[PDB]
Undergrad: 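The following block contains the structure, expressed as structure tokens.
When reading the values below, keep in mind they use all heavy atoms of this one structure, side chains included, and skip hydrogens, waters and symmetry mates. So you know, we letter chains A, B, ... as the sequences are listed, proteins then strands, and number each from 1.
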Amino acid sequence: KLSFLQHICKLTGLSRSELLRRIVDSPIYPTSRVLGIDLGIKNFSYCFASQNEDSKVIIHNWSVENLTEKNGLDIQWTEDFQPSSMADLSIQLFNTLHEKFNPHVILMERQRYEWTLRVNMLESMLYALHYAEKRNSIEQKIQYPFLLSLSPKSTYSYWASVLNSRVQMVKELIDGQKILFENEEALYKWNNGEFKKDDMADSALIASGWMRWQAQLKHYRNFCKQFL
Amino acid sequence: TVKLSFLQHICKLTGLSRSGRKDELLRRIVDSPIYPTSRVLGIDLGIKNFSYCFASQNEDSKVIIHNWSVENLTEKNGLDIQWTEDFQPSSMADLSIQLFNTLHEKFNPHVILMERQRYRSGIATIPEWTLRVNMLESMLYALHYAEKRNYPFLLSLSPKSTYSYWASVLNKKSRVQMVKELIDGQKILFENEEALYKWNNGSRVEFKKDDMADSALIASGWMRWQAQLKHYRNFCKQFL
């Protein structure tokens with residue numbers, strides 16, 4: 001049924017574009033050491049997590065950082081949006097994320113339309129740094145982390161549909177035991193913590209959502225194969 | 001008597017900021033960094049009209065053009081860049097990387113001057129153009145500074161400084177006319193006939209001459225600023 005295949009795409013974050021090819025050919029990405037990122041400069045948000053056997057999300061680190069001041073990432077940068085200055089921030093951030101998390105997968109939402117231009121610059125530089133390394137890893141037959149660019153608010157709209165606010169959905173997933181914590185530190189900051197609790201909810205939704213798509217794909221990838 | 005207006009004039013003649021106090025301008029001039037004037041690669045950021053001018057400053061303080069061209073990175077071009085139009089973050093990184101390597105291997109510059117090409121409503125919409133050029137610039141910068149840590153100077157210039165400079169020095173006059181004057185006045189010479197040929201012959205097509213003139217004014221304009229600075233730095237110290 002065409003309608004059925006459309007429902008699968010909506011559940012796996014796939015394009016409702018036949019659909020059998022898109023579903024079956026969907027890359028099987030790693031589900032451990034997943035770094036979900038909601039880009040920002042004074043409010044950089046990331047959620048580092050892994051998917052366990054019970055297909056539950058286990059958060060290792062989760063925080064919102066103001067890259068302009070002292071922060072948990074230890075990035076020392078003076079607010080200056082000139083290209084050369086931004087490149088410095090990009091390199092520091094890029095190096096720090098890998099050095100600190102050694103991710104298998106990096107998730108990032110493309111964003112949409114002066115604060116947008118600044119974030120877009122940071123985003124573009126991170127992409128360039130990443131792809132220069134990915135190319136090198138390909139030619140050397142070395143496995144390198146994946147940087148997946150997700151459509152604007154894709155994971156948000158996905159969760160909003162399965163659960164019918166952002167903070168509310170996250171709390172629900174937490175009380176629903178869909179999201180666990182390896183360290184108390186992350187859970188505490190979520191319960192107390194100055195930084196917007198909304199920015200924190202964004203990175204968790206990105207990671208948990210994407211991981212849900214990979215879990216779902218494992219339910220229909222093989223199933224759909226038989227219809228080819 | 002060290003008038004403020006005179007210092008502002010010097011700033012315009014050296015491509016420096018004209019804003020500040022009568023003692024800020026002095027320091028700006030005197031403290032302006034010293035950069036090489038040989039193997040200067042001027043780049044006008046654009047995708048379908050990427051323009052560049054590679055030149056060096058002569059002993060006679062004359063600008064010598066080595067390579068000069070305007071390319072459409074979407075079709076077959078002189079930079080030998082095979083790229084399919086796609087403004088997706090991953091596709092742009094691909095273009096930025098080729099453009100980055102191709103410019104370093106082909107010109108091996110001592111200095112790279114970057115400026116955004118002048119917007120034209122015919123090329124694309126404001127949103128699309130803004131995103132495309134901002135992305136290109138951003139990626140090229142990241143690649144440059146990443147490589148650097150692993151060294152050619154990379155400098156962003158304001159179109160205002162470039163144009164403002166030539167307007168006061170030559171004047172009304174179009175960019176093409178300014179360059180034509182510079183050439184006819186022997187202020188800009190050519191190392192090889194190829195470049196000179198593109199300029200004289202290439203007059204057809206969409207704003208080819210205009211785009212080439214743009215990058216030529218960027219490079220030659222900046223090289224002259226550095227020349228004037230070799231004179232004005234010591235001169236301005238007098239008031240310190």
Undergrad: Check the orientation of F4(A) and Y220(A). Use parallel for under 30°, tilted for 30 to 60°, and perpendicular for over 60°.
TA: perpendicular
Undergrad: Verify, without hydrogens or angle tests, whether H144(B) (side chain) and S84(A) (backbone) share a donor-acceptor contact under 3.5 angstrom.
TA: no
Undergrad: Can you check whether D74(A) reaches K100(A) side chain to side chain, under 4.5 Å on heavy atoms?
TA: no
Undergrad: Is the NZ or CZ atom of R120(B) both under 6.0 Å from the centre of the six-membered ring of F207(B) and within 45° of that ring's axis?
TA: yes
Undergrad: Give me the one residue out of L155(B), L45(B), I218(B), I43(B) that meets side-chain contact (heavy atoms from CB on, under 4.5 Å) with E115(B).
TA: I218(B)
Undergrad: Any side-chain heavy atom of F146(A) sitting closer than 4.5 Å to one from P30(A)?
TA: yes
Undergrad: What closest approach, in Å, do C11(B) and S17(B) show between heavy atoms, and which atom pair accounts for it?
TA: SG-O, 3.3 Å
Undergrad: Do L187(A) and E184(A) come close enough that some side-chain heavy atom pair is under 4.5 Å?
TA: no
Undergrad: Check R233(B) against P33(B) and note the closest heavy-atom contact, atom names and distance.
TA: NH2-O, 3.0 Å
Undergrad: Would you call the rings of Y158(A) and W213(A) parallel, tilted or perpendicular, taking 30° and 60° as the class edges?
TA: perpendicular
Undergrad: Would you indicate whether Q226(A), at its atom CD, is surrounded by more than 12 heavy atoms from other residues, nucleotides or ligands within a distance under 6.0 Å?
TA: yes
Undergrad: Identify the two heavy atoms, one from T102(B) and one from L79(B), that lie closest to each other, and give their separation to 0.1 Å.
TA: CG2-O, 3.2 Å
Undergrad: Is there a donor in the side chain of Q117(B) and an acceptor in the side chain of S51(B), or the other way round, less than 3.5 Å apart?
TA: no
Undergrad: Show the nearest heavy-atom pair for residues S208(A) and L205(A), with the distance to one decimal.
TA: OG-O, 3.3 Å
Undergrad: Measuring only between side-chain heavy atoms, which start at C-beta, is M86(A) closer than 4.5 Å to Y141(B)?
TA: no
Undergrad: Cut-off 3.5 Å, side chains only: do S17(A) and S15(A) have a donor facing an acceptor?
TA: no
Undergrad: Can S161(B) and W222(B) be counted as having a side-chain donor-acceptor contact under 3.5 angstrom?
TA: no
Undergrad: Quick one: do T130(B) and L117(A) satisfy side chain to side chain contact (heavy atoms under 4.5 Å, CB included)? Show the steps, please.
TA: CA-CA 9 Å; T130(B) 292; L117(A) 297 172; 3.9 Å; yes
Undergrad: Is it the case that more than 12 heavy atoms not belonging to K178(A) sit under 6.0 Å from its NZ atom?
TA: no
Undergrad: Considering non-hydrogen atoms only, spot the tightest contact between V133(B) and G46(B) and give its length.
TA: CG1-CA, 4.5 Å
Undergrad: Of all the heavy-atom pairs spanning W77(A) and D80(A), show the shortest one and how long it is.
TA: CZ2-O, 3.1 Å
Undergrad: Salt-bridge test for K148(B) and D88(A): reply yes if a basic N is under 4.0 Å from a carboxylate O, no otherwise.
TA: no
Undergrad: With a distance cut-off below 6.0 Å to the six-membered ring centre and an angular limit of 45° from the axis, does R132(B) pair with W129(B) as a cation-pi contact?
TA: no
